[PDB]
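The structure appears right after this line, and notes come after that.
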Amino acid sequence: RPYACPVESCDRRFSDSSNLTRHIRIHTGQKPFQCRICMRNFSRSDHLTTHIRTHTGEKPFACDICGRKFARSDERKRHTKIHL
DNA sequence: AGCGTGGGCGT
DNA sequence: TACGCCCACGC
Ligand SMILES: [Zn+2]
Ligand SMILES: [Zn+2]
Ligand SMILES: [Zn+2]
């Protein structure tokens, strides 16, 4: 890629200066997005969003076959296969 | 099952 | 870069 990981112990390459900025967070341990409910910190805004659904019980993704609801699209994806 | 969490990638 | 999602892992 056009960007690399400067930490000597690590050797990953990143597409751009924010996938690199994002990745660097693993090393800096920065968790800039906090859950106002349990006060837990997260490295990503998208992961905080879905985390919050564990408190509220919001489940936006329903299975096409049986209708069971899930908080994340990947959980639904993992579930749908059971109908085979 | 419940979900943390990194990477690819589109806007 | 920030954001959001899809994906794929991992426990
Ligand atoms: Zn690294
Ligand atoms: Zn929380
Ligand atoms: Zn189903």
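Below, read A as the first sequence line, B as the second, and so on, with proteins coming before strands; counting in each chain starts at 1. The basis for the numbers below is simple: all heavy atoms, side chains too, and nothing from hydrogens, waters or symmetry mates.
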Same cluster or not: are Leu48(A) and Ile37(A) linked, directly or through other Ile, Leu, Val, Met, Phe, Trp or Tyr residues, by side-chain heavy atoms under 4.5 angstrom apart? yes

Which nucleotide, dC5(C), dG2(B), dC3(C), lies nearest any side-chain atom of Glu75(A)? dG2(B)

Minimum-distance nucleotide to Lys77(A) side chain [options: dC7(C), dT5(B), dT1(C)]: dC7(C)

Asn19(A) CG to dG10(B) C1': how many Å, rounded? 11 Å

Taking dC3(B), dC6(C), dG7(B) as options, the one with an atom nearest any side-chain atom of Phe14(A) is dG7(B)

Round to a whole Å and report the spacing from CD1 of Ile26(A) to P of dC9(C). 16 Å

Without decimals, in angstroms, what is the distance between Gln30(A) CD and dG6(B) P? 12 Å

Regarding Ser17(A), tell me which of base, sugar-phosphate or nothing describes its non-hydrogen contacts under 4.0 Å with the strands shown. sugar-phosphate

So which nucleotide from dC3(C), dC7(C), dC5(C) ends up closest to the side chain of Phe33(A)? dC3(C)

Is there a donor N/O on one and an acceptor N/O on the other, under 3.5 Å, for the side chain of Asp74(A) and the base of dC6(C)? no

Residue-phosphate contact under 4.0 Å: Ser73(A) side-chain N/O, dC6(C) OP1/OP2: yes

What's the closest nucleotide to the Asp46(A) side chain, out of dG4(B), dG7(B), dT1(C)? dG7(B)

For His47(A) and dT5(B), do the ring centres fall under 5.5 Å apart while the planes stay under 30° apart? yes

Determine whether any donor atom in the side chain of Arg78(A) lies under 3.5 Å from an acceptor atom in the base of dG2(B), or the reverse, and answer yes or no. yes

Under 4.0 Å: is that the gap between some side-chain N or O of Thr54(A) and OP1 or OP2 of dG2(B)? no

Expressed as a whole number of angstroms, how long is the span from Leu48(A):CG to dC3(C):P? 11 Å

Calculate the interatomic distance between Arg44(A) atom CZ and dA2(C) atom P; express it in whole Å. 12 Å

If you check every side-chain atom of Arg40(A), which of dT1(C), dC9(B), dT5(B) has the closest atom? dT5(B)

Per the salt bridge (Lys or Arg N to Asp or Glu O under 4.0 Å) rule, what does the pair list look like for residues 13-39 of chain A, sequence neighbours excluded? none

Quick check for you: among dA8(C), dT1(C), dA1(B), whose closest atom lies nearest to any side-chain atom of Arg68(A)? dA1(B)

Can you tell me how the ring of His23(A) sits relative to the ring of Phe14(A), calling it parallel under 30°, perpendicular over 60° and tilted otherwise? parallel

Looking at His23(A), I'd like to know whether one of its side-chain N or O atoms comes within less than 4.0 Å of OP1 or OP2 on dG7(B). yes

Counting distance only, does the side-chain N/O of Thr49(A) pair as donor-acceptor with the main-chain N or O of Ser45(A) below 3.5 Å? yes

Keeping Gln34(A) on the side-chain end and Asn41(A) on the backbone end, is there a donor-acceptor pair under 3.5 Å? no

Does a distance-only test, which skips hydrogens and angles, find a donor-acceptor pair under 3.5 Å between the side chain of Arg1(A) and the base of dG8(B)? no

Separation of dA1(B) atom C1' from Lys59(A) atom NZ, nearest Å, is 10 Å

Does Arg72(A) make a side-chain donor-acceptor contact with the base of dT5(B), cut-off 3.5 Å? yes

What integer distance in Å separates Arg25(A):CZ from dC3(C):P? 9 Å

From the list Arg53(A), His47(A), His55(A), side chain to side chain donor-acceptor pair (under 3.5 Å) with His51(A) holds only for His55(A)

Using only heavy-atom distances, decide whether a donor-acceptor pair under 3.5 angstrom links the side-chain of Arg22(A) to the base of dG8(B). yes

Measure from CZ on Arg12(A) to P on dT5(B) and round the result to the nearest Å. 18 Å

Name the nucleic acid region contacted by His79(A), choosing base, sugar-phosphate or nothing; use a 4.0 angstrom heavy-atom cut-off, strictly under. nothing

